[PDB]
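# Fold and contact review
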Amino acid sequence: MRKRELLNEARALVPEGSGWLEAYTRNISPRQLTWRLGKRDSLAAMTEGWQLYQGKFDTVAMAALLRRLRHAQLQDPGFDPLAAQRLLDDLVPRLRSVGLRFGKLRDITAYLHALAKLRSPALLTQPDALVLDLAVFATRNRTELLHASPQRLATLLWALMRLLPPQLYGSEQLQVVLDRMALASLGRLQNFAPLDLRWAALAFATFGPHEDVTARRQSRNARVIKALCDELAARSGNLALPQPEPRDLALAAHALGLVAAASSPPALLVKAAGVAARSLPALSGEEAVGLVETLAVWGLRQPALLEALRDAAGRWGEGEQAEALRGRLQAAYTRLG
Amino acid sequence: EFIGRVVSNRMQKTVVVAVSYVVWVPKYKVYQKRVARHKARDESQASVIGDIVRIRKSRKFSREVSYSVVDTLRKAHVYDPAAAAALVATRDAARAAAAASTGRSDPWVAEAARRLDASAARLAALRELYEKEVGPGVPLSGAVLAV
Amino acid sequence: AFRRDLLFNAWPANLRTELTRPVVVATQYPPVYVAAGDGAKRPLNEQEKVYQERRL
Amino acid sequence: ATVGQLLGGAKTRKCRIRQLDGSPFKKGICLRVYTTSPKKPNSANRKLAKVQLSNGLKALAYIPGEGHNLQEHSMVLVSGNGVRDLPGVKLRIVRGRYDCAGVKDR
Amino acid sequence: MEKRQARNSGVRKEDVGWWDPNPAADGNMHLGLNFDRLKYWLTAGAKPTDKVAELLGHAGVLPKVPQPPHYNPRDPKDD
Amino acid sequence: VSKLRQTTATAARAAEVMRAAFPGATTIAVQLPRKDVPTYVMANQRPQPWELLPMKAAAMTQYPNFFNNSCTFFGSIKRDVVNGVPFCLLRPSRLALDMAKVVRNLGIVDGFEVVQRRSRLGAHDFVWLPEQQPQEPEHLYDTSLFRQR
Amino acid sequence: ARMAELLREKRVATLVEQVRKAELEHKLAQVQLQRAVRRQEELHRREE
RNA sequence: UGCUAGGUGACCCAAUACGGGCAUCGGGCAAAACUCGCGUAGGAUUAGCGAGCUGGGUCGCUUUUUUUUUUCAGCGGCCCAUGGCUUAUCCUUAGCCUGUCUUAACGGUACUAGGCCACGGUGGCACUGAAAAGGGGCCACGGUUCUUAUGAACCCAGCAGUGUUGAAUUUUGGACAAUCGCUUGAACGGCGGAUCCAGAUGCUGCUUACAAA
RNA sequence: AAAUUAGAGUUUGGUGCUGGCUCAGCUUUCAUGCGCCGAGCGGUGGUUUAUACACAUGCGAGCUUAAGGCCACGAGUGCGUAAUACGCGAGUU
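Residues numbered from 1 in each chain as written, not as in the entry; some residues may be left out. Chains lettered and ligands numbered in written order. Part of a larger assembly, values for the part shown. Heavy atoms only, no water.

The name the PDB entry assigns to chain B is uS17m, from the organism Chlamydomonas reinhardtii. Anyone opening this PDB entry will find it titled "Small subunit of the Chlamydomonas reinhardtii mitoribosome". Comment text from UniProt for chain B, heading Sequence similarities (unreviewed entry), reads "Belongs to the universal ribosomal protein uS17 family." (UniProt positions renumbered as here; feature names shortened; annotations may be inferred.)

The name given to chain A in the PDB entry is mS107, with Chlamydomonas reinhardtii as the source organism.

For chain B, the count of helices and strands is 3 helices and 5 strands. For chain B, the succession of helices and strands along the chain, N to C, is β-β-β-β-β-α-α-α. Rg of the C-alpha trace for chain B: 26 Å, well past the compact-globule value of 15 Å for 147 residues, more than 25% over. Projected onto the principal axes, the alpha-carbon positions of chain B cover approximately 75 × 55 × 35 Å. With an accessible surface of roughly 10500 Å², chain B has 55% of that area assigned to carbon and sulfur atoms. (Helix = DSSP H or I, 4+ residues; strand = E, 2+ residues; numbered from the N terminus. Rg over C-alpha atoms; globule rule 2.2 N^0.38 Å. Areas by Shrake-Rupley, 256 points an atom, 1.4 Å probe, with all protein chains shown as cover.)

Let us look at the pairing of strand 4 (residues 74-79) of chain D. Residues and elements named next belong to chain D. When you tally the buried positions in strand 4, you get 5 out of 6 residues, the bulk of the element. Here 5 bridges tie strand 1 (residues 26-36) to strand 4, and the two strands are oriented antiparallel to one another. Directly across from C30, in strand 4, lies its bridge partner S74. Here strand 4 pairs with strand 5 (residues 91-93) via 2 bridges, running antiparallel. The partner of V78 across the bridge, within strand 5, is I93. (Buried < 20%, exposed > 50% of the residue type's maximum accessible area, 1.4 Å probe, protein only. Pairing = 2+ DSSP bridges.)

Further remarks concern the interface of chain C and chain E. With 28 residues of chain C at the interface, the matching set in chain E holds 25 residues. Between chain C and chain E lies a buried interface of about 2500 Å² when both sides are counted; carbon and sulfur atoms form 54% of it. Between chain C and chain E we count 0 salt bridges in total. Put simply, the parts of the chain that give the side of chain C that touches chain E at least two residues each are strand 1 (23-24) and helix 2 (46-55) of chain C. The element that contributes the greatest number of residues to the side of chain C that touches chain E is helix 2 of chain C, accounting for 5 residues. Of the residues in the side of chain C that touches chain E, the class split is 15 nonpolar, 7 polar and 6 charged. (Contact = heavy atoms within 4.5 Å. Buried area = accessible area lost by both parts, 1.4 Å probe. Salt bridge = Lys/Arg side-chain N within 4 Å of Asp/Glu carboxyl O. Nonpolar A, V, L, I, M, F, W, Y, C, P; charged D, E, K, R; others polar.)

Here we come to the sheet that holds strand 2 (residues 34-35) of chain C. Residues and elements named next belong to chain C. Strand order in this open sheet of 3 strands is 1-2-3, and the pairing throughout is antiparallel. Two strands in the sheet have a free side with no partner beyond their single neighbour: strand 1 and strand 3 (41-42). With 2 bridges joining them, strand 1 and strand 2 adopt antiparallel strand pairing. Within the sheet, the bridge partner assigned to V23 lies in strand 2 and is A35.

Our focus in this paragraph is the nonpolar core. Ranked by size, the top nonpolar core spans 105 residues in total, and within it A:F57, A:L66, A:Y111, A:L112 and A:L160 carry the most contacts. Once residues lying within four places of it in the same chain are set aside, the contact partners of A:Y111 are A:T59, A:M62, A:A63, A:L66, A:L95, A:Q126 and A:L134. Listed in part, the 16 residues of the second largest apolar core include B:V15, B:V23, B:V53 and F:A29. (Core = buried A, V, L, I, M, F, W, Y, C linked by side-chain atoms within 4.5 Å.)

Lining the immediate environment of RNA strand I, one finds 15 residues, of which D:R95, D:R97, E:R4, F:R5 and F:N44 sit closest. D:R97 is positioned with one of its side-chain polar atoms (N or O) 2.6 Å from a sugar or linking oxygen of RNA strand I. F:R5 places a polar side-chain atom, nitrogen or oxygen, 2.9 Å from a phosphate oxygen of RNA strand I. Each residue belonging to the surface near RNA strand I can be placed in one class, and the counts come to 4 nonpolar, 5 polar and 6 charged. (Near = heavy atom within 4 Å. Polar contact = N/O pair within 3.5 Å; in protein donor to acceptor, adjacent residues only side chain to side chain.)

Let's shift gears to the packing of helix 11 (residues 194-207) of chain A against helix 13 (residues 246-263) of chain A. Packed helices, taken two at a time, are described by the angle their axes make and the gap between the axes. Residues and elements named next belong to chain A. Put simply, helix 11 and helix 13 touch, their axes get as near as 8 Å, and they point 20° apart. In terms of orientation, helix 11 lies roughly parallel with respect to helix 13. Judged by the sense of rotation from one axis to the other, the crossing of helix 11 with helix 13 is left-handed. For the pair helix 11 and helix 13, the contacting residues are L195, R198, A201, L202 and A205 in the first and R247, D248, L251, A252, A255 and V259 in the second. Of the residues in the contact of helix 11 with helix 13, the class split is 8 nonpolar, no polar and 3 charged. (Axes fitted to C-alpha atoms, helices over the stretch in contact; angles between N-to-C directions. Parallel < 35°, antiparallel > 145°, perpendicular 65-115°, else oblique. Left-handed = near helix turned anticlockwise from the far one by under 90°.)

This part is about the sheet that holds strand 4 of chain D. Residue and element names in this part refer to chain D. Taken in spatial order, the 5 strands line up as 1-2-3-5-4 and close into a barrel, and their pairing is mixed. On average, each strand axis in the sheet is inclined to that of its neighbour by 55°, with strand direction left out of account. As judged from the 2 bridges shared by strand 3 (residues 58-62) and strand 5, these two strands associate in the parallel manner. Note that in strand 5 the partner of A61 across the bridge is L91.

Now for the interface of chain D and chain B. Listed per partner, the contact involves 4 residues of chain D and 4 residues of chain B. Counting the surface chain D buries against chain B, the share from its top three residues, D:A1, D:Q5 and D:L6, is 80%. On the surface where chain D and chain B come into contact, there are 0 residue pairs in polar contact.

Taken together, the buried positions of helix 2 (residues 50-58) of chain E are E:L55, E:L56, E:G57 and E:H58. Buried residues belonging to helix 2 of chain E abut strand 1 and strand 2 of chain C together with helix 1 (38-43) of chain E. E:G60 sits one or two residues past helix 2 of chain E and shows a positive phi near 85°.

Enumeration over the complete set of coordinates arrives at 20 salt bridges over all chains. Between F:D36 and B:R74 there is a salt bridge, with its nearest N and O atoms 3.5 Å apart. On the criterion of chain membership, the pair formed by F:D36 in the loop between strand 1 (28-30) and strand 2 (39-41) and B:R74 in the loop between strand 5 (65-72) and helix 1 (81-102) is interchain, its members lying in two chains. Take F:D36: its relative accessible area is 45%, and that puts it in the partly exposed class. Note on B:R74: relative accessible area 48%, which makes it partly exposed. In this structure, E:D36 engages E:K39 in a salt bridge whose closest nitrogen and oxygen atoms are separated by 2.9 Å. With relative accessibility at 59%, the residue E:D36 sits in the exposed group.

Listed below in structure tokens is the structure:
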């Protein structure tokens, strides 16, 4: 009988064009909220849901909200980036009041994936202090990090690779996160997906080389790259397990070239040469070009790979980014003769 | 994939489509033709009754709407009365103008001459089509000349 | 067939199925090998080829 | 073909004796033990039996053999052979069972 | 034959194999499996039970399994 | 159980009967030369003779009224054999002409000619001259130019 | 498939069009010539 | 979601030296559940469907979780487009298919084993479980017993066995040894009226005089 | 080397039709009489065919370190259901 009082409480927050107000309950579960945000397509509807239900959102609701923001970014035509940015600013104090007091590693990783998903190509930003503090708060306890999934940890790494400016790779909180995650993942190396190893290699290459404790951190990320890159090298060719994608081995090879260029002949480059030179048109060009830069910095010459990439080098057209690919591949070709 | 005639479009975003499917009976060794009715989603309501449409399975939208309209092959021409009056005007204008230009040459003689030379121009055209397709050859068969 | 039939001229089973005697390995005739008790792979004994040919 | 013939082809799987109801042998209690005179050219007084059968329905039964011992309230086993010499009667009392046993010195 | 079905039911598994535990005149066991789907099912994590594991090990296409951890006097006259 | 399992054996054989009968027309789809809907044949429990609708459509599209003119031809053969008439006279078609050339070629009969019921020819219709025409017609249109052959 | 289509379908169809159009030119030479002069002479004599 | 193998343990047990349980992760293949295309007993002495009888919008339809991209239904509430079917509904028969028998075949009809579904004296409903109940939970009915009458206990379409009816229907057997299942990290462990062995009993295939080595 | 169509008697003064009845065929039952029940190795089969009738009694799901952890697989019947059934064929979120 108190539906009209409930409706007046709904009217006091959101204007009268919303379908949420008939649907409104005070005693909602977060499960239904994750589905109800999963049912909308327009940024007006998530705004309606936010001013109705700011009080009941835990971290899963924020993660589904950011995915729905990306969904509206690619499907709602009337997108305003300014309204999205002020709403994204409104998302902050709810996180600092709740999710930084009750965030398990699953929820926080899901949010950081959602925010990096928003910043993905097919510019919206959050403060980086919240991103680092979410990173240290999700990993503050060792035990749940021991029971974490490889998909979770490499997803967290891809989030930290996409969200952060390059000046903040030397921040100590990222290094504390990398300390915890290396101390977890080096025991369960063999539970890893090769895609998860690809993102682990890329993120430790991105964050690694950025007084005794810091050089020890660089040496520890050196042992992480050498063991993990040999884990991918063992996982390539061993046909008994799922064969890693040549894109992933190529991009982890580029990570090896990045950490070799920053810190200054593994089997990984040889097997990467094989999986590229058998399957070039499945490879995008720029990852292979970065692998040619890795061949440059190692000084090794992979013959059928380089003639195959010569054939790939002819097969591009003329135009700005494509001519930049041709130019840098020609430059690394002259670097290798 | 079904290619079958529409029969109903009185129906919101949904057309009832009938398809002639032929079932075997084993008893008499005779294929019996039955026609089943399907309900199908269209999106533009471009299907007038008599259109020949292509329906395909997609995700179900209802209890009993189960296919989606892909393409309307042959359009059903429809009765527009004002356009029909326009064809009345153009057609009796053509008849009266031709009879006035023609009207000794009784008008049957002139039109039948024009139809003879039109047929002759046609026969010359398709004969030259056969000439460019085949070359100088007896019309024995094209299957012989396919070598 | 006549020469074969002319030159032809344990069963206790009760089985609790124990793996006592050696093992032989649409079914692909001729048989592949003989697996012994000791994990050894050996080709067919002559008598075993005889009673394989009697079996068909 | 012709579609009337296509629809032109489970009927009544008809028991040709409708009193045994598809079974071969049904017992029952003899209601009356009586004889009758038959159709010409037969004129010997044949002995019959009206029996309240197992299935609750009644039909007449031929009594075979050199005499018999059946009276009121007497159980028999009824078989499926008919006697032709009077119309409408289809039942035969098998002998080798109950109160109707075999005759003396057969 | 998963855990659900009985011994004689209709099974998606193609073969428990040409099999004859009865001794037959010499080389007393049967011809073994037909093949190429046995390795698929045992590859796919379908379990063996105990004696099919013994028979597969005994045929030498798999290594054998040690059964006894201890000895106490078994009664052979139970039948 | 082989009744159930041997249904779709001829189904994949019917599709190239479509493709080698009708290039560019597409469980199979059959366009009988009649109303515009292509008519569909597909699976059941009781197995089907696939290539009755495709085979029939190739028949009726190449040789229209194959069934009625074939049965009319062979019925008239049965007619005058059991009636002792040694001449067999048909309402001609593509089928009747072509398969009359077939049975004359194999020597089932000794010959055929187009004839016309010449009493109801006009003051001048076209008339069949056997000498001046070449001896054997080979199409319907040359044999439907005239009136009631 | 292309060999069957372009080396059979269009030329056998072309045989069908030119054969029925030679027949149609026969019927049209009839309906011009004999029909037209016959009916204009009939209408001429009927109006006389 | 469920199994099996891996890898982990600031855990527990065992260990004159090392393996199990227990938690979590992920590789393999897998079930499950839904959807639609068709098939299907006769009856006009069933002719309109007493109905949301079909569709569109709106919600509710109890989770985010790897890169460009991702998540059913009238099922309920509301409007609404007024249509949807016309062997439509309604009745009564009936588990269904492969089977088995026969026919030369097409067909026509009681089983074998086994595929799937349904049901557990009747009817309604819920917990838990990923999924629901044949000796699990609650209520009402109908039976069977007993009460000092107030009320409780039970439900063989599980096995044997009893009783009616029937022309006719079996032993109140033995056993976990073989499987196969459930379980347990000793122990050829525990249990299983599944099964395997024996009985009675139609059909069958197959022997049968004793003596003596 | 593909293994594939039995009639007769009955109707009438006789003959031929007209369709029906029966017998000879195969399969089938704790069918029903009459007769044997020597002993063994086996196959198999009972839809207690029916009553989805009422059940005496006994047994069928217990295992395992009081407490907790695992026991929806197997067996039976066909009431209901003429179609969320069952079968066949495609694709699965």
